[PDB]
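Below you'll find only one chain, the form deposited in one PDB entry, shown as structure tokens.
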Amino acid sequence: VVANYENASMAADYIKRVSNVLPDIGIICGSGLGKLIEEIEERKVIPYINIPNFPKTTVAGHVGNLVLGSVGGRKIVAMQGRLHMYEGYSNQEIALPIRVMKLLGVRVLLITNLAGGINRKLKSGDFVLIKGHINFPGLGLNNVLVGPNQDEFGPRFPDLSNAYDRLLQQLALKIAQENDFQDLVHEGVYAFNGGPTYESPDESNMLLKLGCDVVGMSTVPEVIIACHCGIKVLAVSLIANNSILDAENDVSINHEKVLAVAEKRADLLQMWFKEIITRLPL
């Protein structure tokens, strides 16, 4: 199924019938960072498997729902269970849910992920406002836009210079200052490792040389599809380890440690993003 205008329209039609909500904000939350979705008010939960043309996700299993409702007086749509390219999903499968958001009315997309720290200033538990990226899959002919261009959504050759909105970054920092946790908030450049192996010690050393501050396995595909069709983006990484320190000290990286960091910061991240949604410009 191609992520074209006709197919995205059919999915949006189903959703609008079922939900009644016209959202102008979208959210995609990282693993262990989805509590906010359970607090959406007057909400409607739509399993992906029920929506025409949505990608099949049963081989991976686990949760996969679209959730619509209200937060802070604002109308939002959330993806509960994101699609990652290391699972084998195609370019068309990743892109279709974001293009459906566009047809539903989304103008701003907020994204969180868990990532490894490269910059020596980063500790476990810190947050990084993403200000740019290095897309190794894109340089290597696995960009999410490889294929025919869908002209109704955007141009053949997108410019990513303003993919990460500066005013949204400034609003997120302002709110952290108001609640006295700005000492946790950094900015930086995100390297996309296709994955699913964690970056090796020598890959981490290479990324430090190349100007990367953070490394992870998600987010860049969604950012590019959003930028192509004119949706503004704020993306925030939660740092689970510093891979450069771990390489110097021969310390292991593992998913169990990652999820414990997520639990430690989940409630603060939920409160932060609730306020961001409330404060977004009108």
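Start at 1 with the first residue shown and count on from there.
Beyond the structure shown, there is the form deposited with a small molecule bound, which is absent from this document and is the topic of what follows.
- For the options 10, 18, 22, 268, the one in contact with the small molecule in the deposited bound form, meaning a heavy atom within 4.5 Å, is 268.
- Proximity to the small molecule in the deposited bound form, defined as a heavy atom within 4.5 Å, holds among 179, 90, 205, 142 only for 179.
- Contact check for residue 175: a non-hydrogen atom falls within 4.5 Å of the small molecule in the deposited bound form.
- Listed stretches are 147-155, 130-138, 96-104, 179-187; the contact stretch with the small molecule in the deposited bound form is 179-187, by a heavy atom cutoff of 4.5 Å.
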